[PDB]
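# Structure at a glance
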Amino acid sequence: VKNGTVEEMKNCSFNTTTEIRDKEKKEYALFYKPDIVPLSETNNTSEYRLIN
Amino acid sequence: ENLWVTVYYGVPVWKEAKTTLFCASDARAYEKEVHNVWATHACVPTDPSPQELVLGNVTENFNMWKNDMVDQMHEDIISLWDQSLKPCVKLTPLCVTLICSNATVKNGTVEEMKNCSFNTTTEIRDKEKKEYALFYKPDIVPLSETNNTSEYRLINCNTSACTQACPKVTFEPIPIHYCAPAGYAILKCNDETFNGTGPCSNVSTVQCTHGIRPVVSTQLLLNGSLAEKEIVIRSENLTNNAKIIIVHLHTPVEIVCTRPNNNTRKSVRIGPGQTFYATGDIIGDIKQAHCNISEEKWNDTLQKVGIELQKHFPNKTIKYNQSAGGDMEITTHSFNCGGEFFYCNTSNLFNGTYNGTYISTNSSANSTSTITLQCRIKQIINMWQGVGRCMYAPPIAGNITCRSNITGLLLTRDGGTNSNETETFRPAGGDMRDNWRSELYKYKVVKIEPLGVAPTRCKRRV
Amino acid sequence: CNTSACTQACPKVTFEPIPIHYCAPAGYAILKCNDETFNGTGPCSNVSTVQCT
Amino acid sequence: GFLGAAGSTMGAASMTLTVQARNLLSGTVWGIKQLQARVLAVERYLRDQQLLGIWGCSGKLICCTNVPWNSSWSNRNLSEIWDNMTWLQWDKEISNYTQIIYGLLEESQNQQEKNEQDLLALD
Amino acid sequence: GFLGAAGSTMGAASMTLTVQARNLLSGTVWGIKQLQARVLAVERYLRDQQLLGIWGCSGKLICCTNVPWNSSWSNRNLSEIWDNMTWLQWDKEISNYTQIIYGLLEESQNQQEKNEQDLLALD
Amino acid sequence: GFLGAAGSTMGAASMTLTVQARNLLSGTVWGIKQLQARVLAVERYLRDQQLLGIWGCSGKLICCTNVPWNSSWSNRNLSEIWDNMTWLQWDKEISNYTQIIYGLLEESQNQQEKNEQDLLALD
Ligand SMILES: *[C@@H]1O[C@H](CO)[C@@H](O[C@@H]2O[C@H](CO)[C@@H](O)[C@H](O)[C@H]2NC(C)=O)[C@H](O)[C@H]1NC(C)=O
Ligand SMILES: *[C@@H]1O[C@H](CO)[C@@H](O[C@@H]2O[C@H](CO)[C@@H](O)[C@H](O)[C@H]2NC(C)=O)[C@H](O)[C@H]1NC(C)=O
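Cut-offs and rules
Residues numbered from 1 in each chain as written, not as in the entry; some residues may be left out. Chains lettered and ligands numbered in written order. Part of a larger assembly, values for the part shown. Heavy atoms only, no water. Helix = DSSP H or I, 4+ residues; strand = E, 2+ residues; numbered from the N terminus. Rg over C-alpha atoms; globule rule 2.2 N^0.38 Å. Polar contact = N/O pair within 3.5 Å; in protein donor to acceptor, adjacent residues only side chain to side chain. Near = heavy atom within 4 Å. Areas by Shrake-Rupley, 256 points an atom, 1.4 Å probe, with all protein chains shown as cover. Nonpolar A, V, L, I, M, F, W, Y, C, P; charged D, E, K, R; others polar. Salt bridge = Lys/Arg side-chain N within 4 Å of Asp/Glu carboxyl O. Buried < 20%, exposed > 50% of the residue type's maximum accessible area, 1.4 Å probe, protein only. Contact = heavy atoms within 4.5 Å. Buried area = accessible area lost by both parts, 1.4 Å probe. Expected span 1.5 Å × (residues − 1). Pairing = 2+ DSSP bridges. Axes fitted to C-alpha atoms, helices over the stretch in contact; angles between N-to-C directions. Core = buried A, V, L, I, M, F, W, Y, C linked by side-chain atoms within 4.5 Å.

Looking at the method and resolution fields of the entry, one finds cryo-EM and 3.3 Å.

## Concerning the overall build of chain A
What chain A contains, in helices and strands, is 0 helices and 4 strands. Starting at the N terminus and ending at the C terminus, chain A contains elements arranged as β-β-β-β. For 52 residues, the compact-globule estimate of 2.2 N^0.38 gives 10 Å, and chain A exceeds it by more than 25% at 13 Å. For chain A, the C-alpha atoms occupy an extent of roughly 40 × 25 × 20 Å along the three principal directions.

## A closer look at the environment of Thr-86 of chain E
The topology assignment puts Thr-86 of chain E in the loop between α2 (32-53) and α3 (87-94). Here the side chain of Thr-86 of chain E touches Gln-89 of chain E through a polar contact of 3.5 Å, landing on its backbone nitrogen.

## What to know about the site of ligand 1
Residues and elements named next belong to chain B. The immediate surroundings of ligand 1 are formed by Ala-103, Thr-104, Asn-115, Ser-117, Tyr-132 and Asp-281. Take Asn-115: an N or O atom from its side chain is 2.4 Å from an oxygen atom of ligand 1. A total of 600 Å² of accessible area belongs to ligand 1 in isolation, and the protein chains cover 43% of it. Tallied by class, the residues present in the shell around ligand 1 amount to 2 nonpolar, 3 polar and 1 charged.

## A look at the pattern of salt bridges
Tallied over the full model, the rule gives 27 salt bridges over all chains. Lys-15 of chain B is paired through a salt bridge with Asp-91 of chain D; the nearest N and O atoms lie 2.7 Å apart. Pair noted here: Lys-15 of chain B is in strand β2 (residues 14-16) and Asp-91 of chain D is in helix α3 (residues 87-94), and the two residues belong to different chains. The exposure class of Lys-15 of chain B is partly exposed, given its relative accessible area of 24%. On the basis of relative accessibility, which here comes to 13%, the residue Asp-91 of chain D falls in the buried class.

## Concerning the interface of chain C and chain B
Taken together, the 5 residues of chain C in the interface contact 5 residues of chain B. Between chain C and chain B lies a buried interface of about 430 Å² when both sides are counted; carbon and sulfur atoms form 42% of it. Run the count over chain C and chain B and you get 0 salt bridges. Taken together, chain C and chain B are joined by 2 residue pairs in polar contact.

## Side note on the site of ligand 2
Residues and elements named next belong to chain B. Near ligand 2 the following residues occur: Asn-399, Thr-401 and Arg-403. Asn-399 places a side-chain nitrogen or oxygen 2.3 Å from an oxygen atom of ligand 2. One nitrogen or oxygen atom from the side chain of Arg-403 is found 3.3 Å from an oxygen atom belonging to ligand 2. Its free accessible area being 570 Å², ligand 2 has 25% of it covered by the protein chains.

## Concerning α2 of chain E
Side chains of residues three or four places apart in an α-helix project in the same direction, reflecting 3.6 residues per turn. Its 22 residues place the ends of α2 of chain E 31 Å apart at the C-alpha level, agreeing with the 32 Å of an ideal helix rising 1.5 Å per residue. Lining the buried residues of α2 of chain E we find α2 (32-53) of chain D together with α2 (32-53) of chain F.

## Overview of the interface of chain B and chain D
Reports often express the size of an interface as the amount of accessible area lost when the parts come together. On the chain D side, the residues contacting the 47 residues of chain B number 53 residues. Contact between chain B and chain D buries roughly 4700 Å² in total, counting both sides, with carbon and sulfur atoms accounting for 68%. Looking at the side of chain B facing chain D, the largest losses of area belong to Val-5, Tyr-9 and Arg-460 of chain B, adding up to 18% of the total buried there. One can count 1 salt bridge joining chain B with chain D. Counting every contact that joins chain B to chain D gives 10 residue pairs in polar contact. Class assignment of the residues belonging to the side of chain B that touches chain D gives a composition of 28 nonpolar, 11 polar and 8 charged.

## A word on the sheet that holds strand β6 (residues 53-55) of chain B
Residues and elements named next belong to chain B. If you walk across this open sheet you meet the 5 strands as β2-β34-β16-β18-β6, and the pairing is antiparallel. The outermost strands of the open sheet, each flanked by one partner alone, are β2 and β6. With direction set aside, neighbouring strand axes in the sheet form an average angle of 40°. Bridging between strand β16 (residues 184-189) and strand β18 (residues 203-206) involves 4 bridges; their strand directions are antiparallel. Residue pairing for β18: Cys-189 is matched across the bridge by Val-203.

## Concerning the arrangement of the chains
With 8 pairs of chains in contact overall, the greatest share of contacts is found between chains B and D. Contact between chain A and chain C is absent, and the least distance between their C-alpha atoms amounts to 21 Å. Nothing in chain B touches chain E, and the closest approach of their C-alpha atoms is 14 Å.

## Here we look at the nonpolar core
All names here are of chain B. Counting 43 residues, the largest nonpolar core has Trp-298, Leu-309, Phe-342 and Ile-406 as the members making the most contacts within it. A total of 6 residues in this core trace back to one element, the largest contributor, which is strand β21 (residues 245-259). With sequence-adjacent residues up to four places away left out, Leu-309 is seen in contact with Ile-233, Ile-245, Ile-318, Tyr-320 and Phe-425.

## With respect to the side chain of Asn-261 of chain B
Residues and elements named next belong to chain B. With respect to the helices and strands, the residue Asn-261 is situated in the loop between β21 and β22 (263-269). Owing to a relative accessible area of 8%, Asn-261 belongs among the buried residues under this scheme. At a separation of 2.9 Å, a polar atom in the side chain of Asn-261 contacts the main-chain amide nitrogen of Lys-287. Excluding residues within four positions of it along the chain, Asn-261 makes contact with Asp-285, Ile-286, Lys-287, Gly-398 and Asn-399.

## Let's talk about unusual backbone geometry
Look at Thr-40 of chain B: it is not a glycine, yet its phi comes out positive at around 65°. Among the secondary structure elements, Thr-40 of chain B is positioned in the loop between β4 (35-36) and β5 (44-45). A positive phi is found at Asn-75 of chain F, a non-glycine position, where the angle reads about 45°. With respect to the element layout, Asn-75 of chain F can be found in the loop between α2 and α3 (87-94). Exposure remark for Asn-75 of chain F: the relative accessible area of 59% places this residue in the exposed category.

Set out below in structure tokens:
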């Protein structure tokens, strides 16, 4: 997704616990901008967090 | 003559209605801290002082298949089972990349167990240690489709979570009674020739029902009630082959199941303050858990069932065959005793035919010729779906035996065409309502309407 | 972490032992012995019916 | 017997009615449905007592009234009711005309009460 | 109508009172508060019936008593009560002297019962 | 007083009985046991009222009956009962023969009701 006047969504990848509870795999999902917040006050345009 | 209306109160007139009954049990002592799931926690002590009073001039119609009492019993049992699994441990970290090995146990005809080692969280919740346990093969599945004979997984963790059964509760099917609330009554049919429907010529009003055994079984009926005079066959409709046909025996058949293996109870600290019990080691030799019944008595019972069935099928022969395939939970006689869940292959029982010729087994002083059924023992149970089905039954140390009485059979016919006189009977299971439907078939719940109006020659005194 | 788990007490609750009273339901009564020489058992010569403790 | 009079004739069954209306409490609480049986039984008993009382019948099971009996309701002789017929059969045969009888009884009781109040007061 | 007599005169409203006291059960249980309405309604009905019964009035809505009517309670003519006044206005005007009337009724009922017991027995 | 008559003589204690049977609701719900007290109190009150009513005693606390008093129950003079004895002592002394009296009262009430129905109708 590219620049536009729409609110748009962010494609975020993260590690999720698989059916094995001592193992992890990679997954991705599209999230709305209000539901995404920067992780820390430091300048980083790639690492983010949920609003919760 | 001139008549006037008069109102009478306290009139014995009743109508069919729906209500919630009360469960009751005998004066069982608390004894140890262990308490039964469905006794002394959700019911009331009863008193058998009131008797069943017989009404000698009433003709009340009774129905078996259209009855909500069995549905209410099933709902109550489901609610009690759901309640019992709440306070017990939730487990969680067990299903991991288990490393299973052949270990000291070697090749044999027994179902055998797999020795699997895995990492468990110690008392420190940010630290891990190594533990091991013995698991049954049905409870173990390969982790991934890739070829790997050392890495395995529990059968769970693809479906809803599993709760280990508490070790301080017992699954003993103690008898229970059902009592109607105030304003209601229970009518019992004392006729021994009740085919499921039609009027009853011997009705009795009773305060509560008799002892109801909540035994879990699929193919057979264990520790049930006995018929009065002869074997009685019940069915919603014989024409429909999709239905399930119940046979209530007159004489019980002794059955003896046993697990010769001597297991050892282990204890693993899985989580803080909550322990997990598994099989640590087997002492001695490895043997096959099995059930035994007598061949001659079973054959005589099958012949009695055949002659009883021949009344409805005069020109068709009776044949007994195996189950119509299905998964392990369907095609095998599944039950629980002592705390252990057995699934026994009953393919060797239903093997015979009866075309109308009676055969009698005489003499045979050395009648030790018995029939033995191999069984597989399971720990992961999904007995009731959609209500927290998964349950882990902890193992029990030492070898166990269970002696019980077969009192009923469940069968299902198969279709045919073009003068096919070779209709066969197969074992039936699946729905759990039919197991308790054969025990509450005599009782009907009614609602009393005491207000009545009658004409008589009287007037108000003014 | 060798025994059952632990739950922290809420900071928005207080353990002040405020006084409480016990009242019998309908159809019942509470009898109080006003004698000051009550040794634990025996008859009471000064009894009073009270709604609540 | 709780239903010892069932199956007998109406005349024979019109005796010892007190045993038919002596239901008491039972059971120990497990959930709300256990208590629902108690409260609904109490509500039914109060409903029956209130219905019997608004007709001028309080404290007595047998209560002769002054409403005339219409012949169209049953049109059967007296020997066909109190000699061989049972209460259940009679109820099944007469349930079709309960509302009319209840309304007539209510109207008659109200009229009798008003007439008594008028006649006692004006003296 | 449940409140069809409301708004009319006291004399007109003193008719068909039975419809005012025929409340029945309603609702399906969701929590304990749903059952609390049922039990509190039952308790209120029993309280009303017990209060009416201790005055010598059982099974009858209209119940003439022997207690004299004090003129200081209302001091209004009979034509000012049963001809134009409604029950709600009368209740709002007379609620200030309910306890005295209740006590007098209780005392009168007890005295009448004791006198009846004494006169019937000594014969 | 709720128990102001306790401790006095039977004759003195047979007065102002209405205060002994005016229990009302109390408490706020916490769990099911709180409501169990209310419903069991209601059930007990209904049981007592029904037992008193089946003897022909409705709406009256004092109710003289026609059943003869057997001398073997107490075999004490009238001056030994209503002059010095209290109600608690009398109950403790007479509790051994309650069932016989209840059965006799029920039988007598049924017989009187049947006789009244027969005599009123045949005229
Ligand atoms: C099951 O496997 C475990 C390890 O995966 C075995 O435990 C080890 O057994 C050896 C042989 O006695 C010991 O030397 C080790 O110290 C054990 N390790 C632990 C962590 O206990 C276990 O013996 C196997 N069980 C069977 C029956 O073969
Ligand atoms: C464990 O197995 C032994 C024998 O394998 C059982 O002992 C037998 O129990 C049966 C019970 O029906 C008796 O009839 C036999 O006489 C016993 N002895 C033998 C040699 O068979 C023992 O009961 C089993 N454990 C438990 C708990 O039942």
